[PDB]
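1. My sequence and its experimental structure, below.
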Amino acid sequence: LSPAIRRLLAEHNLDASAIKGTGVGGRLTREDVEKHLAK
């Protein structure tokens, strides 16, 4: 549904293979990618 995170993800230019999606099952979630940045 309008994945705006695809923007932030490509914005800061990181590798999804460097974070641990805590969505249980490896389901990435916006709550973590932000906990990292969010500053």
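-> Yes, it's here. Residues are numbered from 1 along each chain as shown.

2. Please enumerate the helices of this structure.
-> 5-12, 30-36 (DSSP state H).

3. Nearest approach to residue 20 belongs to which of those?
-> Ranking the helices of the chain by their distance to residue 20 (criterion: C-beta to C-beta) puts helix 30-36 first, at 7.2 Å. Just so you know, the C-beta spots here come from the backbone N, C-alpha and C atoms, and that holds for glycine as well.

4. Mind listing residues that contact that closest one?
-> For helix 30-36, the surrounding residues in contact (C-beta atoms under 8 Å, 6 or more residues apart in numbering) are 5, 8, 9, 14, 19, 20, 21, 22.

5. residue nearest the centroid of this structure?
-> With distances taken as C-alpha atoms, centre = their mean, residue 33 lies nearest the centre of the chain, 3.6 Å away.

6. residue contacts, residue 27?
-> residue 21.

7. any idea how far it is from residue 20?
-> 11 Å (C-beta to C-beta, to the nearest Å).

8. and if you look at residue 4?
-> 21 Å.

9. Equivalent analysis for residue 28, please.
-> 9 Å.

10. again, but for residue 39
-> For residue 39, the distance to residue 20 - C-beta to C-beta - is 19 Å.
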